[PDB]
Structures are given as C-alpha cells and as structure tokens.
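Structural description and commentary
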Amino acid sequence: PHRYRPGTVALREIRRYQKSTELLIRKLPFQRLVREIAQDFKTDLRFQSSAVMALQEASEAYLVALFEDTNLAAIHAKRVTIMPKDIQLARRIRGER
Amino acid sequence: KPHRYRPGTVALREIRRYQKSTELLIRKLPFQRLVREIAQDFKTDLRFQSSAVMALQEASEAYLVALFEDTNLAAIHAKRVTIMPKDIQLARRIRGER
Amino acid sequence: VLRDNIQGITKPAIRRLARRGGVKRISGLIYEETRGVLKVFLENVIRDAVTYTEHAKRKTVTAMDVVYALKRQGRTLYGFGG
Amino acid sequence: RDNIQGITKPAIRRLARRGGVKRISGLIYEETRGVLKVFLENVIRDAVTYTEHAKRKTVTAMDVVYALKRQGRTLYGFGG
Amino acid sequence: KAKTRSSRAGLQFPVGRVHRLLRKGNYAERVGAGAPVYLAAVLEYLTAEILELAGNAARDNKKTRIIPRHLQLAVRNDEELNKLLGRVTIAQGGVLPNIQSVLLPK
Amino acid sequence: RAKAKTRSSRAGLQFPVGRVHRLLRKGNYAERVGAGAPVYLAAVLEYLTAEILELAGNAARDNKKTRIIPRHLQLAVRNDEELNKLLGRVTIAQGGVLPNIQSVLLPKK
Amino acid sequence: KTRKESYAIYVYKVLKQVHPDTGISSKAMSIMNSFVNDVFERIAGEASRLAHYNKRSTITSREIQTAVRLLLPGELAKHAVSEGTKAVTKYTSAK
Amino acid sequence: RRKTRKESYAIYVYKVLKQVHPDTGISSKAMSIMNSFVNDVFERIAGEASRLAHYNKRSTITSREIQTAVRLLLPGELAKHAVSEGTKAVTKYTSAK
DNA sequence: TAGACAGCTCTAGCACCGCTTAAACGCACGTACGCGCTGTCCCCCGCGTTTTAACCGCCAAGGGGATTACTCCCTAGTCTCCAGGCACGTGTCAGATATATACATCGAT
DNA sequence: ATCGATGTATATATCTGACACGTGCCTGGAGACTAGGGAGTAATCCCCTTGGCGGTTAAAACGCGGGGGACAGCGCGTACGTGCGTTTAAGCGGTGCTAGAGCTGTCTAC
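Here's what I pulled together on the structure shown here.

Conventions and cut-offs
- Residues numbered from 1 in each chain as written, not as in the entry; some residues may be left out.
- Chains lettered and ligands numbered in written order.
- Part of a larger assembly, values for the part shown.
- Heavy atoms only, no water.
- Near = heavy atom within 4 Å.
- Polar contact = N/O pair within 3.5 Å; in protein donor to acceptor, adjacent residues only side chain to side chain.
- Helix = DSSP H or I, 4+ residues; strand = E, 2+ residues; numbered from the N terminus.
- Nonpolar A, V, L, I, M, F, W, Y, C, P; charged D, E, K, R; others polar.
- Patch = residues over 30% accessible without salt bridge, like charges linked within 9 Å, V, L, I, M, F, W, Y side chains within 5 Å.
- Areas by Shrake-Rupley, 256 points an atom, 1.4 Å probe, with all protein chains shown as cover.
- Salt bridge = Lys/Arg side-chain N within 4 Å of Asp/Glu carboxyl O.
- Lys, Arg positive; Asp, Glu negative; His and termini not counted.
- Charge placed at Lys NZ, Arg CZ, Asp CG, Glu CD.
- Buried < 20%, exposed > 50% of the residue type's maximum accessible area, 1.4 Å probe, protein only.
- Contact = heavy atoms within 4.5 Å.
- Buried area = accessible area lost by both parts, 1.4 Å probe.
- Axes fitted to C-alpha atoms, helices over the stretch in contact; angles between N-to-C directions.
- Parallel < 35°, antiparallel > 145°, perpendicular 65-115°, else oblique.
- Pairing = 2+ DSSP bridges.

A look at the protein's contact with DNA strand J
Around DNA strand J lies a shell of 62 residues, among which A:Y4, B:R36, B:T82, C:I26 and D:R14 are the nearest. The share of sugar and phosphate among atoms of DNA strand J within 4 Å of the protein is 95%. Contacts to DNA strand J include A:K27, whose backbone N or O atom sits 3.0 Å from a phosphate oxygen. A distance of 2.9 Å separates a phosphate oxygen of DNA strand J from a polar backbone atom of A:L28. Residue assignment for the surface near DNA strand J shows that the elements contributing at least two residues are α1 (8–18) and α2 (27–41) of chain A, β1 (47–48) of chain B, β1 (25–26) of chain C, α1 (9–18) of chain D, α2 (15–24) of chain E together with β1 (23–24) of chain G. Tallied by class, residues from the surface near DNA strand J come to 15 nonpolar, 16 polar and 31 charged.

Okay, structure coming up:
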C-alpha cells in the first residue's frame, strides 16, 4: 500500500508537537517515578498534584532544551541522527556535566 | 638542513607551558586602550583604577579560555582538530549567549 | 517501596520530547541517555524540594517547595506560585 | 578604533593554547575579537552604570566585581 | 476624602502595596517616597508590554482570551523579553515552531 | 563583672562569632537573628576554609613551595570535584587553568 | 486569613487598558502574577545591593533607576526610566 | 587624616591555615582571594537563610535556617560535614555561657 | 514576642476498583544515513627575518575621591478611618467538539 | 506532470465551563502630626590617575615552505524509520479514608 518516506512524518511530528502545548510524558509513570525518587531522601512522603505537574513541566522543558542543543550539535556534526555523545557534549558545554 | 619540528609538536608543547603558567596572555596596554575605548561609548571623561582594568583583563581571559575549551570540545566532537568560528557559534548558542 | 518506574518513561514519550525538541532522527542509546539525564535533574530538584520541606517540618511536598527548588538552580518555572 | 586589533593574533593564539586548542583557523582571531568586544561591552556597561550610581568619575575594581557577579561569573581577591 | 497614590503617580499598580512589600521585604531600613512609584511604573510597563504582545499573539491565533501558548510566543519572539527571561520556563507554553534547515527535505 | 570571654572561644571556633552576628544583623537578612545562627555559620565557614587551605597546602607541597599562591588555590579548587561544583561559576585570579590535554591531540605512533 | 495577596485586578485592568476586547485564562493569570512577583524580587534585590554598596540606608528612585538600567534590556530600561521619572514627577507635582 | 579601619578575615584564615598546615605560608593576593571566598559564601548562605525565613514566615534566623542553607547550597558530603561541624560548635557553645 | 507547642478542623492526598481505549509494544522491512575509505589541496604551522610598540621607569600635576562639618528635610512613627481590595456568588459566553468542505502537499506513476 | 490520497484550514452548529461581573466585607491604604537623622552640601586634602619622555627589548608582524588536515566523493550496511497487530496500562470515574495541612490559642524561652 502507501508508505511514507523516512523522515517526513518525523518532520510532521516535529511540527505537530511544536505547535502543541500538552505534556508528552504519561502522568502516572512520571508520578510513580517522582515517588520512587523522593522515597530515598525521606520515607512516607506526600505530594500535591500541583507539585507533580510542576516537576513534570520542569523536566519536559529541560529535556526539550537538551534535545534542541543536541540537534544543533548533531547538525553541527554534519549529521541528522543524534548521538549520545552529542548529549554529553551539550551537557559539558552547558556546565552541568 | 635546519632542524624543523613537525606541525603539532610545538603547538602541544606551548599548550603545555601555558597550561602550567598563570600570567596574562594579552599585552596590557592594548587591552587598556580597548577597555577605555569601549567605556567612552557610555560615559565621557572616564577614569580607571589599575586594579579595575586588571580585574577586567583576568575575567575576560578566563571567560574566553573557557570558551576556547568548549570550542575545541565541539570541534573534536565534529571529528576535527582545527577550530572554525562555527564552533564558537555553537558553543555560545548551547551556552545561551546568542 | 516503588521500584523501576524509569521504564515507565517509555520510548514514545522520549521520541515526542525529541520531536518537540526539534530532533528529526534518533539513535538507540539516546533513550537511556535521556533517562539518565532525567535521573540527574530529578534527583537534584527533588532533593532540594525535600530539603525545603524538611525546613518547614512538613510531610507533604508542596508546589511552592518545587518552585523554590527550581529557583535555587536558576531554572525557574511559572504558573505555580510566585 | 584600532584598539580591538590591539588584541593581537599571537595573543589570541596564546589564549587558545591555554584553552587546549591544537589548530586555529584565520577567522578565529576576528571571531574572538568580536566575542571579547561584546563581552567587554556588557561588563563595562554594567560597571559604568555602577560607577554612575556612585556619582564617581573613575571606575573602581569594586564596581568591576559587582558587575561581573551580576553577569554570573564572580572574581576572587579584587573586592567583595 | 482619601485618594490613592496610584492615581497621583498616574499609574495603575498599587503604590501602597508596593511600598508595604518593600518595607517588609527587608531590603533597607528606610524606603524613599518616590521609589515605590518608580517600582509600580516599571512593573506596570513590563506588564503592559507582555500583555500587548500576548494580545497580538492571541489575535494571530484568532483568540480573544490570552492562553499560556500566546505567552510563550510573546516571550520567545521579542528579543528583549527573551533576553530578560532567558533562564525562564513557562508551564504549558510549548516551544517556538522552529525547524532546522538541514532537516528540511531536499 | 566577670571576665570577658569571646563567643568564638566558647564555641571552639577561630572565626569571629560576634563579627558574623554583626554582619548578619546589618546585612538586612532578618529582623531577628538567633544565638545559634552565627556560631553555626562561623563553624561552616571555618570548615570550608580549613578544607580549601589544607588542599592548597597539599598543592604547595606538590609545587614545593611554602607559601600558597593563587595557582595553588586554583589547583585545590579544581582537583576536588565538590569544591569545583561549589565554585563552578567562580573565576580565580591568575590561578590559571588545569593542565589538561585531550587524547586525540596527543601524537600517535 | 483566607484572603490572598495577588496582583490579579491590576494585571486585568492593565489588559483592559491595552486591549479592551480580550479575555485572560486562569493559568495565564497565575503566570502574570509569576512575572510580576519575581521581577519584583530581582529589581528589589538589585536595589538592596545597590544601597548596600554605597553604604546608603534608604531606597530612592536613583537606586532602582540604576537597577532597571542594569537588569532590563536597553530599550526596556530606557522606556522604564523615562516613564518612571514621569510618574515620579506627576506624583510630586500632585504631592 | 588617619585611614579608617578596613575589615578582613585575614587573621582568622591565617589561624586556620596554621591549624591545617603549621609550616605553610600564604601570599597577600591569596589571603585576598580567600577573604573574597569567605565573604561570598557567607553572603550565599545568609541570603539562602533569609529567603528560607521569608518562605516559612519566620522572623528569626536561627541555626536551623543556616543548616537548611548548608543542606541546599553545598554538595552532599560538604554539606554533611558542615552540618556536623556546625552542630558540634552549636552544642558546645550552648554548653558554654 | 515570637515561635514552640497543643489542639482542633477538615482538607486533600492517597488508595482502590473497573471499564475503556489509546497509547505503548512487539515486529516486519527496506533504505537512508552513519561511517569508513580515498583523494585532494590548501592553508595553517613552523621558523627566520623584520618591525614596533609594549614595557618600565621616572616625573608632574590636578582632580577627584575620600574626609569632615553642618543642616534640613525627608522618612519613620503613630493613629484614625475609610475605601480599596478581596472570597464568594452568578451567569453567560468563548472555546471545545463535531460535521462538512475546500485545499495544498506528498508520492507513486 | 499528475492524480490520488491525505492531512489541514475553514465554516457552521451544540454545548459548558470557565471567566467576566456583582456583593459584601475588612483591612489595608490614606490622611494628619510627630521626631530625627540621614543625606545633601560645602570645605579640605591628597593621592593616584593621567600624561609625557626615553629606551629597549620583547613581542608582533611578515615571508614562506609544506604538510596534513579539512573536505569532497564514494561505497556500504545497518540501524532507524515506517507500517501492522497486539496489548498494556494510562486514563477516567467513583468510592474510602485519613493523614495532615491549616488555623488558633498559650506562653515562655528568647
């Protein structure tokens, strides 16, 4: 049947998630992730939902900043596929690695 | 034939001395002139303490040496050795300076 | 004790965050690399928020703890208190 | 004027070698002169603003330290 | 007859609340009279600029109600507000619709 | 009247507790400052000073100098990972940089 | 007390002054308080350190004038200086 | 006229240096750098404690606010050792007059 | 006098079930893209020569930064009051959802 | 080209819940008088920043060979993109509960 070319629906996803607003991470696994992270520092924590969505928004924004820096450095590396070393270089340049 | 080192040995060796050394690598009179020329655009008849221009020189040198380190890191990341200004632009863009 | 929710951050979520991040094509170890970076960022922010909760002698992490945790690192987040 | 070109090409090479750069292109000197120029514009503008708040005709190292740590990079041993 | 300080300053933001926040914010032991007027003016101007560009983005998005997507568009489109808010995350704002030119098809 | 004994000597500290308390009070940090806050803060400052001074003395032994120079201070800051993280945005005046050459610039055989 | 401190009415009437046909969303509204609040502590803290460095004990229009010229970008700082001096002049003329 | 007094942490830093290294000296620029470091770390911790007291509507900065500031700003091992040192100093000062 | 404590309220966070379903997952399949390889050629390094100005020292001066003294006026301090500002109440309207329809863009031909 | 799929933009109707408006309230702001000290101004001084000259030597600039590295071209293969079937749990809704955030009162250490 009909099959799309490699990269064009990736660009469609880029457009459709850049025009969107909503969160790209499933809320229940991320909340469970926050609980299993925070259980280390103290046991028997409670979390307001507003705290959960705040943590999720901060995580998603920091991640997409990492992806845009990674894509910039990978295109700088004359590539379109991003390498993990691109992420490592981006975090080293940003001052957090 | 005169003794001539290969391209890259002298570069590595003076990398080594100026990684050991701590002195400023800019002549202080041209940098003084550049600082006062830049400060002319904000206020006329400005004076400068020697310690102030010293602090500007050392801070600028440290900032640009960190920029050079990130520039070489991004150049080697592109499977290269020579740095082009696109490397500097990428470093300042990832660092949020552009 | 909640365990192994890092795999709850699934492959479609990471590729969506890449698409919003402008990434066109993604390698394989990128997923676990971003998972480890998410570990680092979440441990730091959540540790600061837990410390903020500890000073207030509370047992519930408030969103104001989260914004003050984000504020100390300079990655301020808007819409949950000033 | 010519004072930005007073930051000599050997000085830029020396500073790149302190930064661990093996090989330098010819446009790097002008690019680094521009980067040093704009960084100096920002820091000197902030320091002159601090000076003009203090009603002084001279720029002190204290104002330099205040402007630098406003910019996010703080310097030790010159006040503060 | 009590008449407010905001009208006397010709401003909209509360001069009295700003002075109260200054005096309890522990910034100095004394606060001048015209200083909170200046604070209110600066805050009102920044608010007016961001609301104007948010309304422009809402009209571009054919909306008569400002949503955070218009706020992210207004912050990241204007260069001065983007430089002032470079270390700033807006929740439910998304990102700018930017695509790198290499990733475009040939 | 009893003998005047300093707060720092009572707290077993060399950093001046009274001077720290004075700087806290006129630093406009709070309208009240507790008794344990300047003692605690002077102890933390003395601990950090002791760590950095000990590492700088170790660097001075490594450089065979009996006087600690800013190069020793820079080496002591950057070699320790936690002190480097504490002073990441800190520039140290003429302490230079770490001697580091990445591997791909090294010559091959 | 149950009552809260917010700049909701002020930002809403500034919106009505600028565009008197546009509504505002509640999440966006809290974002407006977020804006106003943290630029309040950055400008106020800048005024605090500015008063501290010159050994001053009061915050006047000069300290925040310098603070605005520092923190704000050039056209924003210039406009803020001009209209803040205008508001101060209008306040002092009306006393 | 006579020059006014200019405060420094020089003698206390020298005492701590002799405590950690009885034979190692110090240079003037180095004591200036350590003086700046002490002043900046004092400013950071005191400002963090001031903001912490503002967050929890407390008007008195005590050892708890400074301890939470240590727990926040310093890294984990540095913060842990500083909490231990400050705790022992506070307890032995409380035992004293 | 504030904050540590006690005590009371009652909010909300957690926990759970169950159905739904869209999201995630497993997997086939081919090709585009990473990467290796090769050639090229240029252009940067290395070094000698020439140039130049950076540097140090030494002096002169003046101006402005710090200091001192005086004052007044501006800001805290206090109080009464009253109107701005702020939960609650309300309702209606902007936006979401759904449907039809035009319209450009991709892709096989 | 070119048509055909194919998603998007556009136009219209139903709905709803979110906000735009109203009410009451109260407390926060404003008005009035008070002290006082802080900041402003004038006088003072000196230093240190500025300016100049000299020389002189180190560095900067310049020429040039050349090599080696930047980069274009090509091959390749494989890993990632794209599609399909399955299923998994994210999600929504309702129910249960209670830990605990929140508030008030007391007072005494501070």
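So, a positive patch on the surface
A cluster of basic residues, C:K57, H:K57, H:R58, H:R64, H:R71 and H:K80, forms a positive patch at the surface. Counting through the fold element by element, H:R58 comes out in the loop between α2 (28–55) and β2 (60–61). Given the relative accessible area of 46%, H:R58 is considered partly exposed.

Some points on the interface of chain B and chain A
Between chain B and chain A, the contact holds 14 residues from the first and 14 residues from the second. For the chain B and chain A pair, buried surface summed over both sides reaches about 1200 Å², with 68% attributable to carbon and sulfur atoms. Counting the surface chain B buries against chain A, the share from its top three residues, B:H77, B:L90 and B:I94, is 53%. Inspection of the chain B/chain A interface yields three salt bridges. A:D69 is the partner of B:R93 in a salt bridge, and the nearest nitrogen-oxygen pair spans 3.5 Å. For the pair chain B and chain A, the interface holds four residue pairs in polar contact. Taken together, the elements giving at least two residues each to the side of chain B that touches chain A come down to α3 (50–77) and α4 (85–94) of chain B.

A look at the environment of G:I31
As for its placement among the helices and strands, G:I31 is situated in helix α2 (residues 26–53). Taking C-alpha positions, G:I31 is 20 Å from G:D21, a pair spaced 10 residues apart along the chain. Not counting chain neighbours up to four residues away, the residues in contact with G:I31 comprise C:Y78, C:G79, E:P68, E:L71, E:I90 and E:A91.

Re the pattern of salt bridges
One pass over the structure, following the stated rule, counts 31 salt bridges over all chains. Residues D:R33 and D:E30 are paired through a salt bridge, measuring 3.6 Å at the closest nitrogen-oxygen approach. With a gap of three residues between them, D:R33 and D:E30 both fall in helix α2 (residues 27–53), about one helical turn apart. Overlapping salt bridges, with partners in common, bring together A:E68, A:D69, A:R91, A:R94, A:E96, B:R93 and C:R75 in one network.

Concerning the packing of helix α3 (residues 36–62) of chain F against helix α3 (residues 63–73) of chain H
To describe two helices that pack against each other, one gives the angle between their axes and the distance between the axes. At a minimum axis separation of 7 Å, α3(F) and α3(H) run at an interaxial angle of 30°. When the axis of α3(F) is compared with that of α3(H), the two are roughly parallel. Contacts between α3(F) and α3(H) involve F:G36, F:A37, F:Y40, F:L41 and F:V44 from the former and H:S63, H:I66, H:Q67 and H:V70 from the latter. Considering only residue class, the contact of α3(F) with α3(H) consists of six nonpolar, three polar and no charged.

Focus on the interface of chain A and chain C
Listed per partner, the contact involves 58 residues of chain A and 51 residues of chain C. For the chain A and chain C pair, buried surface summed over both sides reaches about 5100 Å², with 68% attributable to carbon and sulfur atoms. In terms of surface lost to chain C, no three residues of chain A exceed A:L24, A:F41 and A:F67, which account for 12% of the buried area on that side. Taken together, the connections running from chain A to chain C amount to four salt bridges. Only α1, α2, β1 (46–47), α3 (49–76), β2 (81–82) and α4 (84–94) of chain A provide two or more residues apiece to the side of chain A that touches chain C. Among the residues making up the side of chain A that touches chain C, the classes are represented as 30 nonpolar, 11 polar and 17 charged. Of the pairings in the sheet, the one linking β2(A) to β1(C) comprises two bridges and is parallel in character. Its bridge partner being in β1(C), A:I82 is matched across the sheet by C:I26.

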